[PDB]
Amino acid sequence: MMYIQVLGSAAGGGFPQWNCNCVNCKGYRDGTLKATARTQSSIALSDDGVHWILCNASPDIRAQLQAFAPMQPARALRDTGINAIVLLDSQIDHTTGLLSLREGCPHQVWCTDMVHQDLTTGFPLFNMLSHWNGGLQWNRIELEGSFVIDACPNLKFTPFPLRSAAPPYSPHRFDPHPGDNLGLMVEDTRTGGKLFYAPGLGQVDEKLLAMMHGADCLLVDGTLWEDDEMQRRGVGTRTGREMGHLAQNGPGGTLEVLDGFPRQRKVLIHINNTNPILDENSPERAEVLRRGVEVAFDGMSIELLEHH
């Protein structure tokens, strides 16, 4: 059994987003829209329900941990259910939460060389946190092969490269490198059950589709319904392609892609505040359910039991 807990299911900014009055955010605040608030994307993984691996440390981490009881096993006066953190990139929304964990150092943190470079230079979290009881202990994610985190010895992680886009603060922002961005395959080696996790997914190719067909659960980028969603809502000018996100709708969209995977469990995660699928009464939401695709929500638990 692999336990996957959705701590946060929104894209950057969360839902509602602090400075946003789009249709969804304003409708949420007014009480006129049927929607549920979401913190910034992060999931926790376990092979036993007791030891957890956090994937991305969001700025909402305090509330996220507080809402999931196994994050506080209360085995001692100080304790936590977090046994390691895996980072998929060096973006502020995926790393800031580490600052809120500093009173529990040392923490084992798995990330690529490129992400470690960003996090020792432009956003020097490793340097800062070194001053708190040993700080973050870096474990290198290599750009080939797999890794196993000892706290959950039955989970085998095999990252896969995604298109590189170092964050705006990065010393190599204008020189993308392999290792800037990864998705994860995670296998419970007791059962062969496999999660394909790609909360940021801007393109699909043959290689990727092959990997997905081997998985049991697809937990994938649900950021925007349309490539120009930000512009349509009037709250931004960047396009899905500009942000590395394949929209759900249209030719080559993720719904078209997911049509190829009838057997797999399919869940959209990392959903932007603008995305109509957040409106529980929308026709876009209705269409996702018709297609057998689920929309992740904070607190969602996914049990991956066996391989198909």
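One-based numbering along the sequence shown. Note that the rigid core is defined as the largest set of C-alphas that superpose within 1.5 Å between two forms.
For the pair 250 to 258 and 57 to 65, rigid core superposition yields a higher RMS C-alpha distance in 5 other deposited structures of this protein in 250 to 258. Stretches compared: 254 to 262, 59 to 67. Higher mean C-alpha B-factor in the entry: 254 to 262.
Look at the C-alpha B-factors of 46 to 54 and of 239 to 247. On average they run higher in 239 to 247. Comparing C-alpha B-factors across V186, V204, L219, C111 in the deposited entry, the largest value falls on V204. The residue among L129, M211, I141, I82 whose C-alpha carries the highest B-factor in the deposited model is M211. Remark: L7 belongs to the lowest third of its chain, ranked by C-alpha B-factor as recorded. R173: CA B factor in the middle third of modelled residues in this chain (values from the PDB entry). In the deposited entry, the Cα temperature factor of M300 sits in the bottom third of values across the chain's modelled residues. Placement of the Cα temperature factor of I269 within the chain: lowest third of the modelled residues, per the deposited record. In the PDB entry, a CA B factor belonging to the highest third of its chain's modelled residues is recorded for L33.
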